[PDB]
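Engineer: Structure in structure tokens, see below.
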Amino acid sequence: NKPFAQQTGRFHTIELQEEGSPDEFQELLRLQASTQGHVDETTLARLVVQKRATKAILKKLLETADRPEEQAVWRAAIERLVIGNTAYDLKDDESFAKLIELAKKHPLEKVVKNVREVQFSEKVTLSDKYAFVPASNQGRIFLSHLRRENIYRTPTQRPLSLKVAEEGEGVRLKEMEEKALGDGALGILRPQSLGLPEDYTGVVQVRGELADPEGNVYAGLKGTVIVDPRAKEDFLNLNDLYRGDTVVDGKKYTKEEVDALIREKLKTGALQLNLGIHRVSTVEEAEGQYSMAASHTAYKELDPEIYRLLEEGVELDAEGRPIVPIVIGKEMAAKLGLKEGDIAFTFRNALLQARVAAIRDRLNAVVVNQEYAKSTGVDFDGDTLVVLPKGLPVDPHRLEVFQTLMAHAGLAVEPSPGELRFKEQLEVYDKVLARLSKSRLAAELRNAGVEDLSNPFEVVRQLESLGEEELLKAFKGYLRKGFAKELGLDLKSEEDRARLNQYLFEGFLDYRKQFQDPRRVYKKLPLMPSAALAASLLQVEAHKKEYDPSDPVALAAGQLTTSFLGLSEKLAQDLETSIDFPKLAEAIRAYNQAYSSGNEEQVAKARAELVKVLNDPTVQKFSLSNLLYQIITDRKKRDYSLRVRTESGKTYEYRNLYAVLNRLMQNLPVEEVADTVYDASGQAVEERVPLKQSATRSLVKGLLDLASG
Ligand SMILES: [Mg+2]
């Protein structure tokens with residue numbers, strides 16, 4: 001309903017961009033359009049962030065001359081302020097008295113357009129939309145500025161207060177593997193513990209903090225918990241909460257250093273959990289219906305059948321379209337007309353075929369294995385998986401297709417075949433089949449309608465389909481004598497005999513209910529050679545770097561540079577209408593075939609043809625656009641950069657992605673707007689960044705007082 005900075009009282013909040021006012025950053029962005037990309041985007045963002053914040057902190061410092069002891073927290077949001085020639089160290093009762101003095105005697109905006117410097121406290125956390133400051137300086141808050149912005153800016157409804165204790169009644173804090181319950185998940189608790197309607201069973205997205213009475217908060221959690229009355233204890237996984245990696249009172253408390261303070265506080269029964277709900281997972285329509293996604297890894301404990309179902313692999317169909325196992329609930333299965341075994345389709349709000357492996361009574365999530373849906377990038381912190389009925393009124397794309405493009409855009413890299421889930425079993429079955437296909441029994445089967453004896457899951461299915469109970473006892477009995485043979489088990493020993501039926505049926509034949517062909521079900525999905533090829537033709541990667549954790553402008557300034565993600569998206573849409581998906585799919589399917597069991601000639605010619613399609617400008621720009629969309633989205637957390645290795649052997653690095661976005665658009669060479677260039681192995685040949693910055697601050701000061709005489 002309202003932001004978590006206000007619903008808990010930790011931070012006071014002020015707005016950075018006022019009521020519908022013009023976006024002054026979008027207007028500076030055509031200085032880059034005029035100059036053809038020789039000003040710095042992140043420098044322009046800083047000037048905007050420093051003006052909006054200086055105007056907002058000030059507008060509060062006067063409206064709070066009447067709430068004076070609430071003003072003192074906004075005082076320590078600016079240390080020193082240079083206005084004209086005088087300097088205001090706000091820590092002084094003297095300078096701050098003078099600061100509020102000229103405040104009233106002079107008007108707004110135009111006066112702000114006349115400060116020179118500004119330095120912010122470590123207390124203030126700047127973002128693209130707000131500025132946060134802790135309510136009480138008494139306590140201390142043990143998480144970095146990015147995690148404050150990640151956790152406390154999200155709107156949640158009224159927060160709860162759950163006890164944290166190891167023994168007795170409360171929430172326990174287990175120390176498991178990181179992401180053990182899934183990436184975006186961070187705990188399992190019951191519906192009745194956070195006040196949900198009786199025996200709710202799904203997943204809910206929360207924004208909790210872990211505090212003590214004295215106002216200190218040691219960890220903040222961002223992500224989802226799994227709600228289910230079937231688990232015993234409300235428990236939170238410590239290693240999935242944001243903790244440490246910040247500076248309190250001059251010292252840097254690492255992730256491990258804060259973990260000890262909690263273990264000490266948790267032992268003393270003086271540790272709570274202030275948690276707020278952001279969205280409870282319903283099953284709602286979209287045709288199609290959708291709900292949140294949960295990892296199968298978080299049902300290991302409770303309802304293990306869901307886990308074991310989705311852990312035993314995925315299978316590629318006859319055309320190469322992977323069919324992923326999901327687990328849905330009663331409401332969704334009804335509205336989408338699906339029962340167990342049905343094939344459907346699913347996507348995150350890439351499109352994959354889905355195999356219903358189970359249906360639950362009260363579930364309202366879409367439980368999937370995540371390693372098999374990495375092609376649709378499902379992160380379990382509130383991503384909604386849509387499911388569609390069995391009608392299949394569309395062409396689902398083939399594994400080689402999107403895994404290759406995803407690789408040509410550096411979002412995946414070597415050609416590796418998969419891991420056959422039934423490798424050892426099918427070997428043993430093929431040795432028996434050499435003898436079975438010769439036997440009279442094989443003729444009995446082919447006379448009853450079962451002519452292809454190569455698929456064990458089909459012969460057993462096609463037999464119990466059309467009666468023939470006796471021709472199934474003989475088949476199940478022949479494979480017993482054959483496998484006991486082939487594995488050296490004595491069919492008489494009643495424990496050795498119990499090992500046959502434990503390997504042949506339980507471990508193999510019983511899985512005919514989930515999979516069609518055991519020869520096409522994998523445990524680790526392969527990497528098609530066209531994808532390994534496609535990733536060596538475009539040498540594009542997304543380089544990771546953290547925003548300056550000491551300067552609060554760096555994050556907010558970085559988040560402003562995200563306000564043109566839409567132009568990155570239109571470029572992708574406007575580009576994919578050109579690429580002939582028919583020719584690309586056949587060009588890929590040809591190379592993967594000629595690679596696997598092709599002659600020495602075609603592995604060369606199929607390579608040279610696919611290479612010329614991927615060195616094509618329309619294709620290269622579409623994949624490069626797809627990369628920029630991910631980089632821009634990620635820059636809302638870190639100072640990510642683009643890196644490209646060209647035919648010169650050099651590698652170029654970019655942090656002016658709008659200029660890059662312009663150069664791709666009008667089909668211009670993109671190397672001039674770059675920020676730094678490297679010499680293959682050697683590095684830092686041109687450092688263009690310092691020049692673009694001071695010229696930006698110069699061309700700014702020019703454009704300003706020139707429009708004002
Ligand atoms: Mg997500």
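Going through the structure tokens in order, the chains are called A, B, and so on, while each chain numbers its residues from 1 and the ligands are numbered from 1 in the order shown.
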Could you list, as a list in words, all the residues within 6 Å of ligand 1, counting only C-alpha atoms and all ligand atoms?
Structural biologist: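 Answer in the requested format: residues 379, 381, 382 and 383 of chain A.
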Engineer: Skipping near chain neighbours, those fewer than 3 positions away, what residues fall within 12 Å of residue 300 in chain A using only C-alpha atoms, listed as a ChimeraX atom specification?
Structural biologist: /A:180-182,188,231,295-297,303-311,369
Engineer: Report, in Å with one decimal, the straight-line distance from CA of residue 709 in chain A to CA of residue 99 in chain A.
Structural biologist: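 Atom-to-atom, CA of residue 709 in chain A to CA of residue 99 in chain A, that is 28.0 Å.
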Engineer: Find the residues near residue 654 in chain A: any atom within 6 Å, counting only C-alpha atoms, skip ones fewer than 2 places away on the same chain, and give them as a VMD selection string.
Structural biologist: chain A and resid 641 to 642 656 674 to 675
Engineer: Quick one: pull the distance between CA of residue 298 in chain A and CA of residue 197 in chain A, Å, one decimal.
Structural biologist: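 Taking CA of residue 298 in chain A as the start and CA of residue 197 in chain A as the end point, the length is 21.8 Å.
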Engineer: Using only C-alpha atoms, which protein or nucleic acid residues come within 12 Å of residue 613 in chain A? Drop anything in the same chain fewer than 4 positions from it, and give the result as a compact mmCIF listing (two decimals) with C-alpha atoms, in the first residue's frame.
Structural biologist:
```
# COMPACT_ATOMS: atom_id res chain seq x y z
CA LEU A 405 20.72 -16.27 -30.15
CA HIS A 408 25.24 -14.53 -29.81
CA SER A 530 25.68 -23.43 -32.92
CA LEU A 533 29.74 -20.90 -32.37
CA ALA A 534 27.41 -17.91 -32.00
CA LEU A 537 31.41 -14.41 -33.41
CA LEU A 538 30.09 -11.52 -31.29
CA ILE A 579 15.54 -11.25 -39.14
CA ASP A 580 14.21 -14.22 -41.13
CA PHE A 581 13.56 -16.73 -38.37
CA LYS A 583 16.40 -19.22 -42.49
CA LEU A 584 18.06 -18.82 -39.09
CA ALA A 585 16.44 -21.98 -37.70
CA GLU A 586 17.44 -24.09 -40.71
CA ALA A 587 20.93 -22.54 -40.71
CA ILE A 588 21.25 -23.64 -37.08
CA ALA A 606 27.90 -25.25 -42.45
CA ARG A 607 30.27 -23.22 -40.26
CA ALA A 608 31.08 -20.61 -42.91
CA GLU A 609 27.39 -20.14 -43.76
CA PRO A 617 24.38 -6.21 -39.37
CA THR A 618 20.65 -6.81 -38.88
CA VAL A 619 21.41 -9.91 -36.80
CA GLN A 620 24.34 -8.40 -34.90
```
Engineer: Could you tell me, as a PyMOL selection string, which residues of range 211-445 of chain A DSSP assigns to strand (DSSP E or B) when given the backbone?
Structural biologist: chain A and resi 211+217-227+235-237+242-244+246-248+251-253+272-275+277-280+284-285+289-295+314-316+322-328+343-348+352-359+366-368+384-388+416+419-420
Engineer: Please compute the CA of residue 472 in chain A-CA of residue 439 in chain A distance, one decimal, in Å.
Structural biologist: 15.2 Å
Engineer: From the DSSP assignment of the backbone, select every residue of range 517-592 of chain A that is helix (DSSP H, G or I), and format the answer as a ChimeraX atom specification.
Structural biologist: /A:518-520,529-537,552-560,565-576,581-592
Engineer: If you keep N, CA and C atoms, can you produce a file of those selected residues as a compact mmCIF listing (two decimals), in the first residue's frame?
Structural biologist:
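Output file out-v6.txt is given in full below:
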```txt
# COMPACT_ATOMS: atom_id res chain seq x y z
N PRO A 518 12.63 -42.48 -23.40
CA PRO A 518 13.77 -42.43 -22.46
C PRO A 518 15.09 -42.08 -23.12
N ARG A 519 15.19 -42.22 -24.44
CA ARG A 519 16.41 -41.87 -25.15
C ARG A 519 16.59 -40.37 -25.33
N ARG A 520 15.56 -39.57 -25.07
CA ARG A 520 15.63 -38.12 -25.24
C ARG A 520 15.46 -37.34 -23.94
N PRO A 529 26.18 -26.87 -30.50
CA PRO A 529 27.41 -26.29 -31.07
C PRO A 529 27.18 -24.95 -31.77
N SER A 530 25.98 -24.72 -32.31
CA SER A 530 25.68 -23.43 -32.92
C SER A 530 25.70 -22.31 -31.88
N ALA A 531 25.33 -22.61 -30.64
CA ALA A 531 25.38 -21.61 -29.58
C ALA A 531 26.82 -21.32 -29.16
N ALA A 532 27.66 -22.36 -29.09
CA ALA A 532 29.08 -22.14 -28.83
C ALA A 532 29.74 -21.40 -29.99
N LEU A 533 29.30 -21.68 -31.22
CA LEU A 533 29.74 -20.90 -32.37
C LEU A 533 29.27 -19.45 -32.26
N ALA A 534 27.98 -19.26 -31.98
CA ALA A 534 27.41 -17.91 -32.00
C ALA A 534 28.05 -17.00 -30.97
N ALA A 535 28.62 -17.56 -29.91
CA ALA A 535 29.20 -16.76 -28.83
C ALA A 535 30.63 -16.34 -29.11
N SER A 536 31.29 -16.96 -30.09
CA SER A 536 32.63 -16.56 -30.49
C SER A 536 32.65 -15.62 -31.68
N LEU A 537 31.49 -15.35 -32.29
CA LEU A 537 31.41 -14.41 -33.41
C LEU A 537 31.16 -12.98 -32.94
N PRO A 552 26.94 8.70 -2.07
CA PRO A 552 25.53 8.34 -2.29
C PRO A 552 24.97 8.81 -3.62
N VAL A 553 25.70 9.67 -4.35
CA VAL A 553 25.23 10.11 -5.66
C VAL A 553 25.36 8.99 -6.68
N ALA A 554 26.41 8.17 -6.57
CA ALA A 554 26.75 7.21 -7.62
C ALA A 554 25.59 6.28 -7.95
N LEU A 555 24.89 5.78 -6.92
CA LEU A 555 23.76 4.88 -7.17
C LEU A 555 22.60 5.62 -7.83
N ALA A 556 22.15 6.71 -7.20
CA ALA A 556 21.07 7.51 -7.77
C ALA A 556 21.42 8.01 -9.16
N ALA A 557 22.65 8.48 -9.35
CA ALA A 557 23.08 8.91 -10.67
C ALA A 557 23.04 7.76 -11.67
N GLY A 558 23.44 6.57 -11.23
CA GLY A 558 23.35 5.41 -12.10
C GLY A 558 21.92 5.03 -12.43
N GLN A 559 21.00 5.25 -11.48
CA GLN A 559 19.61 4.88 -11.72
C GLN A 559 18.91 5.85 -12.66
N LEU A 560 19.41 7.08 -12.79
CA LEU A 560 18.83 8.00 -13.76
C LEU A 560 19.16 7.57 -15.18
N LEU A 565 15.45 2.95 -20.93
CA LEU A 565 15.34 1.52 -21.22
C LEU A 565 14.29 1.23 -22.28
N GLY A 566 13.30 2.11 -22.43
CA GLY A 566 12.28 1.91 -23.46
C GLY A 566 12.84 2.01 -24.87
N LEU A 567 13.77 2.95 -25.09
CA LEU A 567 14.40 3.06 -26.40
C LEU A 567 15.28 1.85 -26.69
N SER A 568 15.80 1.20 -25.65
CA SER A 568 16.50 -0.06 -25.84
C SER A 568 15.54 -1.17 -26.24
N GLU A 569 14.30 -1.12 -25.75
CA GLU A 569 13.33 -2.17 -26.04
C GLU A 569 12.73 -2.01 -27.43
N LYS A 570 12.40 -0.77 -27.82
CA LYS A 570 11.91 -0.53 -29.17
C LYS A 570 12.94 -0.93 -30.21
N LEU A 571 14.23 -0.76 -29.92
CA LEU A 571 15.27 -1.16 -30.86
C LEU A 571 15.25 -2.67 -31.09
N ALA A 572 15.07 -3.44 -30.01
CA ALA A 572 14.99 -4.89 -30.15
C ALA A 572 13.76 -5.30 -30.95
N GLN A 573 12.60 -4.74 -30.62
CA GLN A 573 11.38 -5.05 -31.36
C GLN A 573 11.49 -4.60 -32.81
N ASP A 574 11.98 -3.37 -33.03
CA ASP A 574 12.12 -2.87 -34.39
C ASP A 574 13.17 -3.63 -35.19
N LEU A 575 14.03 -4.41 -34.52
CA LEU A 575 15.08 -5.13 -35.23
C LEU A 575 14.69 -6.57 -35.56
N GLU A 576 13.94 -7.24 -34.67
CA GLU A 576 13.63 -8.64 -34.90
C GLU A 576 12.61 -8.84 -36.01
N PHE A 581 13.49 -15.59 -39.27
CA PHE A 581 13.56 -16.73 -38.37
C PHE A 581 13.51 -18.08 -39.08
N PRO A 582 12.79 -18.27 -40.20
CA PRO A 582 12.93 -19.54 -40.94
C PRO A 582 14.36 -19.86 -41.35
N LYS A 583 15.04 -18.94 -42.04
CA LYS A 583 16.40 -19.22 -42.49
C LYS A 583 17.37 -19.40 -41.33
N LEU A 584 17.18 -18.66 -40.24
CA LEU A 584 18.06 -18.82 -39.09
C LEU A 584 17.91 -20.20 -38.46
N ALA A 585 16.67 -20.68 -38.32
CA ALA A 585 16.44 -21.98 -37.70
C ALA A 585 17.04 -23.11 -38.53
N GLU A 586 16.86 -23.06 -39.85
CA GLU A 586 17.44 -24.09 -40.71
C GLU A 586 18.96 -23.96 -40.76
N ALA A 587 19.48 -22.73 -40.76
CA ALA A 587 20.93 -22.54 -40.71
C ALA A 587 21.52 -23.10 -39.43
N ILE A 588 20.76 -23.07 -38.33
CA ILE A 588 21.25 -23.64 -37.08
C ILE A 588 21.09 -25.15 -37.07
N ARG A 589 19.90 -25.63 -37.43
CA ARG A 589 19.64 -27.07 -37.44
C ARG A 589 20.60 -27.80 -38.38
N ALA A 590 21.02 -27.13 -39.45
CA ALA A 590 21.97 -27.74 -40.38
C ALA A 590 23.35 -27.88 -39.73
N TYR A 591 23.82 -26.83 -39.07
CA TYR A 591 25.16 -26.88 -38.48
C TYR A 591 25.23 -27.91 -37.36
N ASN A 592 24.20 -27.96 -36.51
CA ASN A 592 24.23 -28.91 -35.39
C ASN A 592 24.20 -30.35 -35.88
```
Engineer: Rank nothing, just name the residue among A:249, A:342, A:486, A:496 nearest to residue 431 in chain A, using only C-alpha atoms.
Structural biologist: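 Checking each of A:249, A:342, A:486, A:496 against residue 431 in chain A, counting only C-alpha atoms, the winner is A:486.
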Engineer: Tell me, as a list in words, which residues lie within 8 Å of residue 561 in chain A, counting only C-alpha atoms; anything in the same chain fewer than 4 positions away does not count.
Structural biologist: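 The residues that qualify are residues 41, 42, 45, 557, 632 and 635 of chain A.
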Engineer: Fewer than 5 positions away in the same chain doesn't count, so skip those; otherwise give me all residues within 9 Å of range 165-179 of chain A, counting only C-alpha atoms, as a PyMOL selection string.
Structural biologist: chain A and resi 184-187+189+193+233-240+266-273
Engineer: Would you mind telling me which residue in A:91, A:190, A:621, A:637 lies nearest to residue 128 in chain A when using only C-alpha atoms?
Structural biologist: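 Under the stated criterion, the closest residue is A:637.
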Engineer: Excluding same-chain residues fewer than 2 positions from residue 350 in chain A, what lies within 12 Å of it counting only C-alpha atoms, as a list in words?
Structural biologist: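 Everything that qualifies: residues 321, 322, 345, 346, 347, 348, 352, 353, 373, 374, 375, 376, 377, 378, 385, 386, 395, 396, 397, 398, 399, 401, 402, 403, 405 and 406 of chain A.
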Engineer: If you keep C-alpha atoms, can you produce a file of those selected residues as a CSV table (one decimal), in the first residue's frame?
Structural biologist:
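So out35.csv came out as:
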```csv
chain,number,residue,atom,x,y,z
A,321,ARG,CA,11.6,-28.5,-28.1
A,322,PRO,CA,12.3,-29.1,-24.4
A,345,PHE,CA,3.0,-23.9,-22.4
A,346,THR,CA,4.6,-21.5,-19.9
A,347,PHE,CA,6.5,-18.2,-19.9
A,348,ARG,CA,7.6,-15.5,-17.5
A,352,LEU,CA,8.7,-23.5,-23.4
A,353,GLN,CA,6.5,-26.5,-23.5
A,373,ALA,CA,13.9,-22.9,-17.1
A,374,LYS,CA,17.1,-20.8,-17.1
A,375,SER,CA,16.2,-20.1,-20.8
A,376,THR,CA,13.3,-18.0,-19.5
A,377,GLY,CA,15.3,-16.4,-16.6
A,378,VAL,CA,12.9,-17.1,-13.7
A,385,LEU,CA,4.7,-17.8,-14.6
A,386,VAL,CA,1.8,-17.9,-17.1
A,395,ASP,CA,5.0,-22.5,-32.7
A,396,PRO,CA,7.1,-23.0,-29.7
A,397,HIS,CA,10.8,-22.4,-30.4
A,398,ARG,CA,13.5,-25.1,-30.6
A,399,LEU,CA,16.3,-25.4,-28.1
A,401,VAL,CA,17.2,-21.6,-31.8
A,402,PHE,CA,17.0,-19.4,-28.7
A,403,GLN,CA,20.0,-20.9,-26.9
A,405,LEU,CA,20.7,-16.3,-30.1
A,406,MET,CA,21.0,-15.9,-26.3
```
Engineer: Would you please work out which residue, of A:664, A:652, A:72, A:213, is nearest to residue 687 in chain A when using only C-alpha atoms?
Structural biologist: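 Using only C-alpha atoms, residue 687 in chain A sits closest to A:652.
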Engineer: Compare A:219, A:680, A:283, A:436 by their minimum atom-to-atom distance to residue 259 in chain A, counting only C-alpha atoms, and give me the closest one.
Structural biologist: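 Of A:219, A:680, A:283, A:436, the one nearest residue 259 in chain A, counting only C-alpha atoms, is A:219.
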